[PDB]
Amino acid sequence: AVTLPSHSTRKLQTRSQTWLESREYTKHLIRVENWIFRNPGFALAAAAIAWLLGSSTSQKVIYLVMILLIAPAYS
Amino acid sequence: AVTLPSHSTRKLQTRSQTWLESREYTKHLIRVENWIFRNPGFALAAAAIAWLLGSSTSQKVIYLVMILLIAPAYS
Amino acid sequence: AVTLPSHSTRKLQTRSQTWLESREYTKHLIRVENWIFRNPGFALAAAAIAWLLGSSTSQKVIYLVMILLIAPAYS
Amino acid sequence: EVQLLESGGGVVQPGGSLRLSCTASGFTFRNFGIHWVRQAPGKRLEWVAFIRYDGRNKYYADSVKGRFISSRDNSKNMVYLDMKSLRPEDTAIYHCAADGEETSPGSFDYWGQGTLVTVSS
Amino acid sequence: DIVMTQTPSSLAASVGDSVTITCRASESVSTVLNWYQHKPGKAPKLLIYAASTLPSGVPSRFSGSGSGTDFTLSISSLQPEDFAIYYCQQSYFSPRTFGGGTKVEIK
Amino acid sequence: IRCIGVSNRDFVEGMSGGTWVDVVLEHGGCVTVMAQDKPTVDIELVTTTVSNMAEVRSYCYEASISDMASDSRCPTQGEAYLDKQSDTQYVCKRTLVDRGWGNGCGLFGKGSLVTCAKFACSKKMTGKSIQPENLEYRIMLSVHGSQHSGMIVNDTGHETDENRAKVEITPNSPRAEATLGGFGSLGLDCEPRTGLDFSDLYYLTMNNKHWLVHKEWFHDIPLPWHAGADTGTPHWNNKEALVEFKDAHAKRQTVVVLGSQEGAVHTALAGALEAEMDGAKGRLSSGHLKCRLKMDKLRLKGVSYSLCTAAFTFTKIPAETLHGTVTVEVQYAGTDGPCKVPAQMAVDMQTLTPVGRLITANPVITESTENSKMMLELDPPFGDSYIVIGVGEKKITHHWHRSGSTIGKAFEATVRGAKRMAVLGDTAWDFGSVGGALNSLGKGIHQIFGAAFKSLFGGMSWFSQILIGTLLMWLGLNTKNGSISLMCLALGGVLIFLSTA
Amino acid sequence: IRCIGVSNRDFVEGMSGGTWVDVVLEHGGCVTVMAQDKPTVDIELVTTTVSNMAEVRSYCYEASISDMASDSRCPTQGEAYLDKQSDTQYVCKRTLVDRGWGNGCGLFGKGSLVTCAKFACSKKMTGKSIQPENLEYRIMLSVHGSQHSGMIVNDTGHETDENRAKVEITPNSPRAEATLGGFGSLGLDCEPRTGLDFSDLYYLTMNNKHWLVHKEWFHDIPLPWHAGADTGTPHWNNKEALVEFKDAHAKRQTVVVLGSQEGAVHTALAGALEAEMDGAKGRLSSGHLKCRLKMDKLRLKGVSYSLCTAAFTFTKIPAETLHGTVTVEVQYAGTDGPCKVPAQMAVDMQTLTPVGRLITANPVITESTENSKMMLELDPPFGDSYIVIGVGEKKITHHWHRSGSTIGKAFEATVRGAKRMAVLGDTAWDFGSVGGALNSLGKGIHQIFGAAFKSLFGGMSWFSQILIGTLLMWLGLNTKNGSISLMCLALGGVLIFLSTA
Amino acid sequence: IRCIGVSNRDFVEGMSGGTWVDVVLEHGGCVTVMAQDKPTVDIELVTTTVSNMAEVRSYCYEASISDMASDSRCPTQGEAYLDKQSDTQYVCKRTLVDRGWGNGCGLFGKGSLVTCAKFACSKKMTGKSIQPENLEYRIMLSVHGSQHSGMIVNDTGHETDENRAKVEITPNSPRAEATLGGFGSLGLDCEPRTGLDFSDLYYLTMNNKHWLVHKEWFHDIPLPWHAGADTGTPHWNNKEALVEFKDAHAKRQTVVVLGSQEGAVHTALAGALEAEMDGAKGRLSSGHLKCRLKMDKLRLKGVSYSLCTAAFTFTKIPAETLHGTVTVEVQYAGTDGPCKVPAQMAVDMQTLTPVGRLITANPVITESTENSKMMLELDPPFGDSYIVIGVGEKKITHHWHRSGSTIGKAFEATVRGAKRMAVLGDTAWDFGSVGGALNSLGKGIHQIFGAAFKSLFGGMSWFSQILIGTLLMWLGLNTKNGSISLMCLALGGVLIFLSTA
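Parameters at a glance
Residues numbered from 1 in each chain as written, not as in the entry; some residues may be left out. Chains lettered and ligands numbered in written order. Heavy atoms only, no water. Pairing = 2+ DSSP bridges. Helix = DSSP H or I, 4+ residues; strand = E, 2+ residues; numbered from the N terminus. Contact = heavy atoms within 4.5 Å. Buried area = accessible area lost by both parts, 1.4 Å probe. Salt bridge = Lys/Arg side-chain N within 4 Å of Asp/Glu carboxyl O. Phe/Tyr/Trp six-rings, centres within 6.5 Å; stacked < 30°, edge-to-face > 60°. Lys NZ or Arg CZ within 6 Å of the ring centre and 35° of its normal. Disulfide = S-S within 2.5 Å. Polar contact = N/O pair within 3.5 Å; in protein donor to acceptor, adjacent residues only side chain to side chain. Nonpolar A, V, L, I, M, F, W, Y, C, P; charged D, E, K, R; others polar.

As recorded in the PDB entry, chain D goes by the name ADI30056 Fab heavy chain variable region, listed as coming from Homo sapiens.

Within the PDB entry, the label attached to chain A reads membrane protein M, and the organism entered is Zika virus ZIKV/H. sapiens/FrenchPolynesia/10087PF/2013.

Pasting the structure below:
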C-alpha cells in the first residue's frame, strides 16, 4: 500500500549484516538533500520560523535543523 | 530504489482528483501513530528532552511535537 | 592529470641520493622567486592585508610571509 | 519464426581450422545477442562462446579460450566462429543459439539446428 | 562449472499422463534456471524461463516451479508431441551448464 | 443543456459594452454564460489531446540478474579483473574480503574481490515529454433553447445540428469561432499556452497506465535508466540502485536483485494526475484554459416569433438542480411551427409579475409536428414562487419552493470563489469584465503573492501544510510585534488550500 | 585451524579452577580458547537450522483486478445493491455521485453508486513462524596441532578424523560433548533459548528469498492477507489497501489496482536479516549462542612424546594474521613417527629464552612417513623476535617483527570489547570466568540499563540515533544541573551503537 | 680491505663479554669492526635483490584518442545515445549545448550532446609489489691482513679465497655464518624484516627505468589504470583524467587528449629511490639492515708465527684515509714463508713505544716467494708519529703527521652520529653493546618520539621543514610559558633532518 513501516525501527542487531545496510547511511540524507535542493525557498521560510521561534541563538539553529528535517519527509 | 521521491511535493492542483487523495490524509498519520504505539518509551524520552530544551511553557511542547514528528520518519 | 601527489611528502629516509635531490633544494624557492618577479604589485596587497591582521609588529610580518607563500602555489 | 541457419561444419583434421557461418533471420538481428552451444555425444549439452550486440565483446568457455575467435556481421546478417587448432575432444554439434535479451532474461532462447563438426584421425 | 543432476533419464508413460521431472541443483541457483524441449534432428525450443514463467506459443500444460536446491518441470497431459528429450539448465552461475537429458519414451 | 449535471457550473454575466467576458474552463467544471439579449450558451472543456510526444529517460523497475561470476586475489596481488567488468551490460563492484590459508592465499588480510552480473530489465517504464505547442484542446459549446433533455450529453452528431458545436484550440490556432448557424457565431479566442503549467509535465507510461508527473519528480527518481532516444538492448545508465551486493566470503559474494519496484513508484505518485492513451496521442482530462468569449455574433434565434397558443402539457417532472435552478421540460401539444414558449415566474398568479431570471433566454419551439419536447431552465427567487408556462387558458403551473436565502447564496458563491482561487490562483481573477481594480490590479498583487508563496513554501504536502498552519497559528496568537497578521496571512493562505478537497 | 581467517577471533583463558570458561558464539566470529595445560580448540558457530516451521498471515503483493461491475440509484432510491457485493472474493465501495437528467434520474443530487471487483492475487508472500524449541545449532570444534593448512576449512570428513568434530545444540539437548578421541572430550553445555531473541522473529518468505523479520514489523504491514492455516483460493482479509477507487461519474467509477508491491516491501526491510531455505528447514547464518565450555576432559595428545631430531624444512612462507599471531607451517623431513615439534620464540638466539606464548599448545607430528606437514600458531612479543623450530643443528629461523605496542593492543581489545557489547549487550559480560564483580554484578547493572534503554529508545534507526546523539550532546554541554553526565551517558550509549558498522 | 674508500666507514668495538656487537649496514656505508684479540673484518652491504614480484595497478601515461563520434538531441528529446557509449573501451561525456533553428531543432534551449572516443594507451607504467619475505640481502665480508690493495674491490673469486666471503640474508634464513676457513667463522644473524620499511614500497617500472615509490604516492596518482592481474587489451578504470572535452557547438564537441604524462610523473617522483632490473628480480642499492655480529669464532690466523727478519721495502706511497687511518702497503723481500709483520707506531724511534692502535690486527704474510705485498691499516695519534715496520736493521720509517685534535674527532663522531640518527632514527641506537641505559632505554624513548613525530609531521618536504623550523624558532624565542624548550625540541628535531644532505 502506502504506509509500509520500515524495519529499521527494529533492526536485528547482530554480527552479520542486515538486508539493506549498504544503502542505509545515505538513505534519509539523499532525500533531505534532494528536497532542500529542489525547494530552496523553504530554507528561507524555515530560517524565518526558526529565528522568530527560538529564544537564544543556540535554539534557533536547532529549530532550523528540525524544520528542515520535518519538511522533506513531511514527518 | 530505496529513496523514491514522493510526488506529493509537487501536487498537480486541479479539479479532478489526483492519483492517491483518499489514501493521503492518513498516509503520514499512520506512520506517526503506529510508531508511537509501538515505541511508547520514546514519548518519555522526548518529554525529558523537551523539558531540557524548551525555555517557555509553550516552547517545550513545540520541541516535544517536533521530536515526536521527526523520529517516526527518521528524517 | 592536472594535479599529482608530490612524492617529496613521503621521501625515503635513507643513505642514498633520491631521484631529484639535485633539484629539490631550489625548486619550491625558484617557483616563489619567479612568481614574485612576475607580478611584483602583489607585495603591496600582501603587506596591506598583513598590516590589518595580528597587530604586534611580529605577527604582521609572519602573516605577510604566509600570504606571500600561499599565493604562488595556491595551496 | 526464427530461421537460425548454420553452415561451415564438416570433417576436420586435428590442429586444423574451421569457420562456422551462422545466418539469422526472422527478427531484428542488431538488438539481440547470440551464443554458441554444443552437444557432445555421450555427454550433456555445453556452452562454448558468446557475443554481445556491439560486435566486439566476445566471451568463451575455459576449454576454448585462446582457441576460438567468434565475430558477427550486422550488415550481411552473419555470425562467424573462426575455430583454429582443434582437438579430438571437440566433436559435437555446434548449435547457434540466440540469447534472450530483455525479453526472456537469463535464458538461451530459440536455437539453431547446428552443423555436424567431427574431428578424428 | 556446476552440475545439474536430475531424475533417472528413462521413463515410459502413456499419452495423456501427469509427469513431474525434478532437477536437482548443486548449489543455490535461486530461480534463474531453464528447461528445453529437444527432439533428435531438431533444434530445441525454450520451455520455461526464470524457473516459473513461460513464453508465448507453447501450451500452458508445461508448469515449472521450485528453486534453491531443487527445481521441477510439470506437464498436465502428455500429448504425443511431448515424447522428447528434457533437461534443465541454470543461468545463475557462469559458465551456463545444462542438465543430463531425460528421454520420454512411449509405453 | 450540457451544463446541467456537473455540480460545478459557474454563471457569468455583465456585458454592457465590449461583449468580451472571459472565463477559465476546468475539466470537471462546465460554465454557463448569461447575456443582455443574447442566448445563454454552455461551454465545457471535454478533453485535452496531447499529441506527438517525444521520449525522455525511460526508467526500469523489473530487474533480472543472471549470468554472474566472481574473481579474487590474494591480499597483495592488487584487485581482481574480469571480462564481465569490461562491458556496461554487466554491473560490478569491488570489495575487500578477508582471506587466508583456508582460502589458499599467502598472507592474511584484505584480499580484494570483484563480482559481476548481467543486468536484464524486463518491464520498463517510459517517460514521454510534452511540448506546449502541440496541445489540442476540445471545447464543446451548447446553446440553451429548442432541445429536450435527451440531447444534454448526446454528442453523436453536431455537424448537422446547430444547438451544440465543438471547437479545437491548438496553439497554432487560438482563433476558432463556432458557427451556430441561426444563433450567430460565438467568437472565442482562448490561450492554450498557460494551461496546466506545461513543459514541466512529463507523461509517464508504465504497465499501460499513464500519468502526468512533474519534471522534477521524474528526474529525481533513483532507478536504472537510459536516454529515450533508443531501441532494443539499451544501456542502463545507473544499475547500482536495483542490485544489492551482500558480501559472502570465499571468493564469491552474492548478488541479490531488488524486485519489481512497481508498487513503490505507484505509491510515490501521490500527487500526479491520470491520463489515457489514444494510440499516438495522449488524451487526458484535467487542467484549465483561460479563454475569452466574444459574443459579438450571438443573436436570439426566435425573437421574431409569435407566442404558443395551445396546451403545453408537462413531462418528466421538473426538479431543482443543486444551485437553485429549475429545469422544466415541457412538450407542446399543438402545431404552431417555429414558435416561442411564453414562460415566466410568478410569486402570485393574480398578477403574474416575473421576478426570477429566466436562464434559457428566449425559449423557443423549433418543431412543427404534434408533440415537441423542449427543456427550459429557470431561476426562482428565495421563497415560494409558481412556474407559469402558457399564455392564457390551459397554462400550466408547478408551484416551487426554492430553499435558502440570499445570505446563503452569497456565502456559497464566496466559498466557491475561494475554491476556484485555491485551485487556480493567478488565473482566478480572469473570470469577469475588463477590470480596473478587480481584474487587473488584483491579478497583479495575487501574481506577486503567488510567486512569492509558491517559491517560498512550494513543496509541501496535504499534511505538512496542516502542520505548518498549526505552527503559524500558534505564532499568530503569541507575538507582540507587527507580524501577527503576517503569520495569520500565511495561516489563511495555507488552510484555505487545505479546506478544499 | 578453523579460526585463522575470520578477522573476529577472540581469545579466552583464565581457568585455574573450575575449567568452565563461558563464551558467546556469533556466526561471523570464531572463538579460540587457551588453557593452562590443555589443547587450544577453535570453536565456531556455523549454521542455525530453524526446523519444522508453521505459518502465520501470508500477505499478498501482486493484485490483479478483473471481472468488475457497477450499479447505481437515483438520489432518493437508497444505495445500490450488487450480486458481487455478497461474496468476499470481491471488493466493493459505495460512493455518492452527482446525477441528473443527463444520467436518466428524477432529481438532482447525491445519487449513490456501488462498484465491485474480483480480487485475484498472483504472487503472495508467506510469513512462517519460528518456535524457540526447534532451533538446531551447529557448532564445529577444531583442535590445534597435528594438521596442515589444507585442513582449515576442510569439512569433508570429521567422523573418521578427530582433530575436528561437530556438535548439535537443540533445546531438547544442550548436553552435547564432542569426543575428540585422544584429545579427550570437550564438555559443552550451551543455552539455545537465549539466541537471537526468538519467538519475535517471523520467517518471511517471498519470491523464493527469505528473511527474519521482527514480529512487530510483520504484523504492522498494511497489505491484503489471510491466515496461514489455508489452502487454495484464500479469503483476503483486507483488500482495501491494494485497490484504489477513482470516482468517474455516469454510474460506473474506475477501479484501478496498485501494482506489485515487491520493491516497496523490499525497501521496507531495512533491518532484517537474510536466510536460506533447505527444503523443510530454514538454515540461517546469524545470531549468537551463550555456550559454556567445560574443559574437564581436554588432555594434550602428545605430551609423552620425544622431540623431533631432523630437518624441519619450512614451507608455505609464514605470515602475520591480523591480530599479531603467526601461523608457521613446517614439514618434518624425517621418520620419527608420532613425535613432537620443539618450537618456541626467541628475542635472541644466543640464549633462546622463550618470551611469546605459543598458541598451538604442544604441537606434535602425527605422521610417520617421509614428509609430514604441520601448522603452528605463535604469538610473538611487540618488537623483533626470531621463530625457532628444531632442537639443535638444522634448526630453522624466520625472523619476525610484530608491529604495534602493548598500548595499541589494549586499545584494540577495548574497542572490540565495546563492539561486542554494542552487538550483544546483556550477554557481553558472559565471556569469562566465574565472576564476583565483573561477570555477575556487571551483568546485573547492564541488564537493568539495557532494559531501561531498549524500552526507552528501542525503535530508532541508524540516522535518528545520530540526530538524538547530537541533541543530547548539545544538552550535555549547556546545563547547570546534575544531568550533564546523564545526557552524556545517553550520548555514549547511542554513539557507540553508531560507531560500529 | 673493502672498507677503505667509502668515506662512511664506522668503527665498532667493545666486546669484553658476549662478543655480539650489533651493527646496521647501509648501502653507501661500509662498517669496520674492532675486537680484543680477533681479526678486524670489514662488512659491507652490497645489493638487495628484491625477487619474485607481483603486479598492482599499472597506470597509463601515453593516451591516443581515435575513432570518435558524436550524437545530439533537440532540447526536449532527452539526452543522446550512442553505440560507443555501451563499451568501456570508449570514454564518453554528456554536455548541454545551445541549439536552435540553425542546428535544425524545434525549440531553443539546452540540447544535450554526447561524444565518444576510443581510449588507446601506448606506453603504460607498471607498479609491481614487494613482499617483505622474498628480500635477498647480500653482505660481503672482508678480513684485514694478508692481502694487497689489488684485492680491495676485487670481487672475482671468493669461494677459493678465504679473506673475503659473502653471505645472503633471506627472511627464511637470517642464520648465515661465513666460513673464513683459518680465520674461523663470523657468526652473523641479521634481521631482514625491518629493512627500508617494506610492504609500503611499490616497485614502479616505466620506460625501462625503475623506482621504489611509497604505496601512498602510488595509490594517490590520478591517471588511467587497470588492475595488474591482466593481459592484453586492458580495461582502463578511470579515463577521465587523460581526456579533456572542449565543448564546440553544432552537435559535435572536440575531444582533445592530454599528451604523454612522462615528465609530470618524473618530476612528481621527488623523493623516490632508483633501482635496476636483473630480469625477474629487481636489484636495488639502498636501505639498511640491523644485523648482529657474533664473533664467537673469529681467531687470529698467524698468531703462532715468527717475526719477519728481512727487508720490508715500501711500495705504493702510504696515504691518509679521510678519518685519520693510514693504509701502509709493504712488500716483504725475503722467503720466510707464512710469517708475521712486526708493525707498530712510534712517537719517537729512540724508545719505540707503540701509541696508536693498529687496525689491521696481527698483520701477516701468507706468501713464501721472493716478493709478497701486504696492506696494513694504522691509526696514528694526533700530532707527529713515525710508522715503524721491521724488527731491527733494515726497518723502514715513514714519518706521519695526523692532522686535527681529539676535540675535533669527538665533534666529527658527534655529527656523524647525528647524521646516522637523522637517517635511521629508531635503529640508530642499535650500533653497540648490550645496553642498559643507552641501547635499550634510549631506543624506547626514541621509538616513542619517532612515532609521535613521524605521525605528527610525517609528510613535509625539504623546504616546508625549513619553513616550519623557522616558525618554531620564532615561537621558541617569544613565549613566556614552559613550551619554549618544547618548540626548540621541534626546532632541533627538524633542522637536524635539514642539515644532512
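Draft legend 1. Broad picture of the pairing of strand β28 (residues 383-389) of chain H. Residues and elements named next belong to chain H. Pairing analysis gives 4 bridges linking strand β25 (residues 343-346) to β28, with the strands arranged antiparallel. Each residue of the ladder has a partner; that of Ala-346, found in β28, is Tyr-386. Bridge analysis of β28 against strand β29 (residues 396-402) gives 7 bridges, and the strand direction is antiparallel. The residue bridging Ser-385 from the neighbouring strand is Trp-400, located in β29.

Draft legend 2. Up close: the interface of chain F and chain E. Contact with chain F, which involves 7 residues of that partner, is made by 6 residues of chain E. Between chain F and chain E, a total of about 630 Å² is buried, with carbon and sulfur atoms accounting for 46% of that surface. If you look at where chain F meets chain E, you find 1 salt bridge. For F:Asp67, the salt bridge is made with E:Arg96, and the minimal N-O distance between the two is 3.1 Å.

Draft legend 3. Up close: the packing of aromatic side chains. A complete count under the given rule lists 46 aromatic pairs over all chains for this structure. Ring geometry for H:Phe453 against H:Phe497: centres 5.8 Å apart, planes inclined by 65 degrees, an arrangement best described as edge-to-face. Remark: H:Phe497 occurs in helix α6 (residues 485-499) and H:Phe453 occurs in helix α4 (residues 441-454); sequence separation between them is 44 residues. For the cation-ring pair, G:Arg402 lies above G:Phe382, with the distance from its terminal atom to the ring centre recorded as 3.8 Å.

Draft legend 4. Main features of the state of the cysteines. A complete count under the given rule lists 11 disulfides over all chains for this structure. D:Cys22 shares a disulfide with D:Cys96; S-S distance 2.0 Å. Judged by the sign of its S-S torsion, about -95 degrees, the cystine formed by D:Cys22 and D:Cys96 is left-handed. In this pair, D:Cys22 sits in strand β3 (residues 17-23) while D:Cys96 sits in the loop between β9 (92-94) and β10 (115-119), placing the two residues 74 residues apart along the sequence. Disulfide pairing places E:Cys23 opposite E:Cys88 at an S-S distance of 2.0 Å. Sign of the S-S torsion, about 65 degrees for the bond between E:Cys23 and E:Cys88, identifies this disulfide as right-handed.

Draft legend 5. View of the interface of chain C and chain H. Contacts between the two partners involve 28 residues from chain C, matched on the other side by 48 residues from chain H. With both chains or domains summed, chain C and chain H bury close to 3,400 Å², and 62% of this area falls on carbon and sulfur atoms. On the chain C side of the interface with chain H, the three residues burying the most area are C:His7, C:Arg15 and C:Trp19, jointly 25% of the side's total. The interface formed by chain C and chain H contains 1 salt bridge. Where C:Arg15 meets H:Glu26, a salt bridge forms, and the shortest distance between an N and an O atom there is 3.5 Å. The tally of links between chain C and chain H comes to 11 residue pairs in polar contact. For the side of chain C that touches chain H, the per-class residue count stands at 10 nonpolar, 12 polar and 6 charged.

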